[PDB]
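Remarks on the overall topology
Spelled out, the chains give:
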Amino acid sequence: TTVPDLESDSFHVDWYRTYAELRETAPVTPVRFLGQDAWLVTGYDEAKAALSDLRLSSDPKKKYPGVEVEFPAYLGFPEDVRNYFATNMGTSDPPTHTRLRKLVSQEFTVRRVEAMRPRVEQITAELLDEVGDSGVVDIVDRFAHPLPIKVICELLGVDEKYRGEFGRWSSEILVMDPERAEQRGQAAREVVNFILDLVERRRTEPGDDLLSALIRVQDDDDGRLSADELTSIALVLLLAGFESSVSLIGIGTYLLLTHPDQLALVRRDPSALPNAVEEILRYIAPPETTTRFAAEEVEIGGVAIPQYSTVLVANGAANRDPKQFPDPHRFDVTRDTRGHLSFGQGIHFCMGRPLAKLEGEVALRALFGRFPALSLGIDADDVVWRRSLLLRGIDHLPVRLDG
Ligand code: HEM
Ligand SMILES: CC(=O)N1CCN(c2ccc(OC[C@H]3CO[C@](Cn4ccnc4)(c4ccc(Cl)cc4Cl)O3)cc2)CC1
């Protein structure tokens, strides 16, 4: 039987049509990717089931007798840089996952996030002043990208004379191309080196930022974060702040710009914004794929997945499963979006949801509430989508401010 190759253009060009074709045939099928066999889950019920079954591990560090685990997200990473990337909540299983998440949740709170609202609003205003009131600009470079970066750097106590470079490395890591495995491995070593220096500097000069708080957080029973745990968690938070919300804002802008009717609703009624953000996430989920490792043989949707198999849960495909979302390919800011898998599901449910929703709502409201005639600078079909199954997005988006 023909086995799909996630590297082919079928998974990067009008790819939701490809997912729909595989789903109708089999919501759980074997695929090829980066020279390795794996299983792709595209059905909603199957994806939800997979993410809820703890026999499917999230820890790339675990060793199993006679098997060589090589996960996509760590293509080209030397073993030591891999460990620095994989010693945090997202890359661990209970009970380790449990204590790491409890310690971090003590400081990465809704209160702390809400306290940043005025600042996020100020930063948004300043960036929009800087773009002008007429002409064509790349809204990604001048807005969608700088906003989340400034926010996450103030949250983690990262200086300006350190940014710019980091963003160059982040971008390389989002693409998984075997021809550039070496450059990817090099960019990853750069980020590890940067984080190590940042942490050490913070231990020496404490502040009221999140990294400082994480450094002294401790619990009677759970103790405190080890040096390695601290380092990996900081790395992962900065990485998420540098790339996740950029996709949301850029993709969000492109969608509202290509659905005039939908944009009107938002403009007409502001209370319709929070749900618009949820539908945007539902329609084109940035984390198109999340990975799991079958520590035991598991059955998903009637299909038996052999032990030691790599499972790619396609969060994005599941969001377009007609069985859960009627008329899936229809972008509708009013539909009921409950249950989408863009923020995950279960114990690893994304801890940054509050921050992402804040940035998304504030940015889009300000952007469109300030450029009534804002329109796309190019033809809708000419937009270039980033070729990443790790984090989908738009790197360049020209828009005409004055119409
Ligand atoms: C558009 C924005 C975002 C989306 C769509 C998103 C999506 C996701 C998804 C799907 C997962 C679960 C992955 C899995 O099950 O393996 C996840 C986990 C996580 N995300 Fe996000 N995320 C976003 C923003 C953020 C932000 C702003 C931060 C932090 C500054 C962040 C921090 C995390 C962490 C720490 C985890 C691991 C949670 C755990 O394993 O317990 N995310 N995110
Ligand atoms: C077994 C295996 O291969 N692994 C690969 C993916 N895994 C993972 C890793 C980290 C994670 O914290 C979210 C931190 C970690 O994940 C990213 C993706 N992300 C963004 C927001 N929420 C998730 C991320 C991760 C890796 C790479 Cl290379 C790039 C990026 Cl932007 O940011 C949560 C889960 C778990 C499964």
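Residues numbered from 1 in each chain as written, not as in the entry; some residues may be left out. Chains lettered and ligands numbered in written order. Heavy atoms only, no water. Residues with missing side-chain atoms left out of burial classes, pairs and counts.

In its metadata, the entry names X-ray crystallography as the structure determination method and reports 2 Å as the resolution.

Under the PDB entry, the name given to the chain is CYTOCHROME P450 107A1, and the source organism is Saccharopolyspora erythraea. Entered under Pathway in the UniProt record, the comment concerning the chain runs "Antibiotic biosynthesis; erythromycin biosynthesis." (UniProt positions renumbered as here; feature names shortened; annotations may be inferred.)

**So, the side chain of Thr289**
Along the chain, the position of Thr289 falls in the loop between α14 (273–283) and β7 (290–294). Beyond its immediate sequence surroundings of up to four residues, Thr289 is in contact with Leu312, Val313, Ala314, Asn315, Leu389 and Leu390. (Helix = DSSP H or I, 4+ residues; strand = E, 2+ residues; numbered from the N terminus. Contact = heavy atoms within 4.5 Å.)

**Some remarks on the packing of aromatic side chains**
Counted under the stated rule, the structure contains 18 aromatic pairs. The rings of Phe11, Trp15, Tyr16, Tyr19, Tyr254 and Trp385 are connected pair by pair, giving a single aromatic cluster. Positioned over the ring face of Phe325 is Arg282, at 5.4 Å from the centre of the ring. Positioned over the ring face of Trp15 is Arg392, at 3.9 Å from the centre of the ring. (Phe/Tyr/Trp six-rings, centres within 6.5 Å; stacked < 30°, edge-to-face > 60°. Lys NZ or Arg CZ within 6 Å of the ring centre and 35° of its normal.)

**So, the sheet that holds strand β4 (residues 136–138)**
Read across the sheet, three strands follow the order β4-β12-β11 without closing on themselves; strand pairing throughout is antiparallel. Whereas interior strands pair on both sides, the edge strands pair on one side only; in this sheet they are β4 and β11 (375–376). (Pairing = 2+ DSSP bridges.)

**Points about the coordination of the iron atom of ligand 1**
Ideal coordination angles are 109.5 degrees for a metal with four donors arranged tetrahedrally and 90 or 180 degrees for a metal with six donors arranged octahedrally. For the iron atom of ligand 1, the protein supplies a single donor, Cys350 (SG), at a distance of 2.2 Å. Around the iron atom of ligand 1, the six donor atoms sit at angles spanning 72 to 179°, and that spread fits a shape best called octahedral. Note that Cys350 resides in the loop between α15 (315–318) and α16 (353–368). (Donors = N, O, S within 2.8 Å, 3.2 Å for Na, K, Ca; no water. Tetrahedral: all angles 85-135°; square planar, octahedral: opposite > 155°, others 65-115°.)

**Observations regarding the site of ligand 1**
Around ligand 1 sit 19 residues in total, of which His97, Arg101, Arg292, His348 and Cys350 are the nearest. Between ligand 1 and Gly90, the relevant distance is 3.2 Å, taken from an oxygen atom to a main-chain nitrogen or oxygen of the residue. Take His348: an N or O atom from its side chain is 2.5 Å from an oxygen atom of ligand 1. Counting residues per element, the ones that place at least two in the shell around ligand 1 are α4 (96–105), α12 (227–257) and β7. Residue classes in the shell around ligand 1 are distributed as nine nonpolar, eight polar and two charged. (Near = heavy atom within 4 Å. Polar contact = N/O pair within 3.5 Å; in protein donor to acceptor, adjacent residues only side chain to side chain. Nonpolar A, V, L, I, M, F, W, Y, C, P; charged D, E, K, R; others polar.)

**Describing the site of ligand 2**
Close to ligand 2 lie 14 residues, the nearest being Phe71, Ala73, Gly90, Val236 and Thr291. In the complex, the protein chains occlude 83% of the 710 Å² of accessible area that ligand 2 would expose alone. Listing elements by their share of the shell around ligand 2, those giving two or more residues are α9 (165–174) and α12. Per-element accounting of the shell around ligand 2 gives the leading share, three residues, to α12. Each residue belonging to the shell around ligand 2 can be placed in one class, and the counts come to nine nonpolar, four polar and one charged. (Areas by Shrake-Rupley, 256 points an atom, 1.4 Å probe, with all protein chains shown as cover.)

**Some remarks on the pairing of strand β1 (residues 28–33)**
In the sheet, β1 pairs with strand β2 (residues 36–41) via six bridges, with the strands oriented antiparallel. Its bridge partner being in β2, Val28 is matched across the sheet by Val41. Connecting β1 to the next strand, β2, in antiparallel fashion are two residues, including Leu34 with a positive phi near 60°.

**A word on the nonpolar core**
One finds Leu40, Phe85, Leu238 and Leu397 to be the most contacted residues of the largest nonpolar core, which totals 113 residues. For this core, the leading source of residues is α12, giving 15 residues. In contact with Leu238, other than residues within four places in its own chain, are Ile152, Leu156, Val158, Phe166, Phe194 and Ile195. If you look at the next biggest cluster of nonpolar residues, it comprises 17 residues, including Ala294, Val298, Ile305 and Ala318. (Core = buried A, V, L, I, M, F, W, Y, C linked by side-chain atoms within 4.5 Å. Buried < 20%, exposed > 50% of the residue type's maximum accessible area, 1.4 Å probe, protein only.)

**Notes on the packing of α9 against helix α10 (residues 181–204)**
With their axes 9 Å apart at the nearest point, α9 and α10 run at an angle of 140° to one another. Here α9 lies oblique to α10, going by the angle between them. For the crossing formed where α9 meets α10, the hand is left-handed. In contact with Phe166, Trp169, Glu172 and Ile173 of α9, α10 contributes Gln183, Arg184, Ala187, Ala188, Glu190, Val191 and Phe194. In terms of residue class, the contact of α9 with α10 is built from seven nonpolar, one polar and three charged. (Axes fitted to C-alpha atoms, helices over the stretch in contact; angles between N-to-C directions. Parallel < 35°, antiparallel > 145°, perpendicular 65-115°, else oblique. Left-handed = near helix turned anticlockwise from the far one by under 90°.)

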